[PDB]
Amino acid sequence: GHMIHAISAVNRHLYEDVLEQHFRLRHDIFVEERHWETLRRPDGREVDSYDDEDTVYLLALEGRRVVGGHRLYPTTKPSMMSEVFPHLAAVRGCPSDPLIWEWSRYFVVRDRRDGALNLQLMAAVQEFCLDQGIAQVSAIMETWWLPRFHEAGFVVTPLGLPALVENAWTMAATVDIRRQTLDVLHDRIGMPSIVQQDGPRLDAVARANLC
């Protein structure tokens, strides 16, 4: 059926129209729904400094329609946490490791909310990272994510004190990538695999080491 596609520099030649579609959806969702005004752009494309040649996109596709997704960025490069929110990780420190990738821009289009897609996206990050040998993901997230992580069996390590970010309680954390976590989620989503990887093989950890 419908899968989450891993899109990176090595295979984005197969996904250019999907990528542009998702940048516009990100504008509709993060700017026009969430009112994250600092991200507003006059081209109607929500693209930031962490959308470059090293970004990996995990996008939920129904045919060629983007219905959800999230992205991963190597912490061996300057990251959102290290550059924008380092104060959120003052207790434990901002991650910087080929085996830790920064996880952001999680979305589900309105048509697919409160359905099966959300748990599939949770499974997708675990599946991709385990495949790649990535040990943890790091994130800056609003505190309402904590019960969502717990519901999916995500092992969470807070990195600092929660703080207000533009009127919203926000925190920095890592999530442990676990085979055990993934196995339970595969059972729950009723599929042995949720991540589709078309085109040339991606060696994410090798690429992060170059950075």
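The numbering used is simple: start at 1 and walk along the sequence shown.
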Mean C-alpha B-factor higher for 164-172, or for 180-188? 180-188
Comparing 200-208 with 4-12, which stretch shows the greater average C-alpha B-factor in the deposited entry? 200-208
Among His27, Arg148, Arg64, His70, where is the Cα B factor highest in this entry? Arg64
Place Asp111 in the lowest, middle or highest third of its chain's C-alpha B-factors, as listed in the PDB entry. highest
When the deposited Cα B-factors of this chain's modelled residues are ordered and cut into thirds, is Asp131 in the lowest, the middle or the highest one? highest
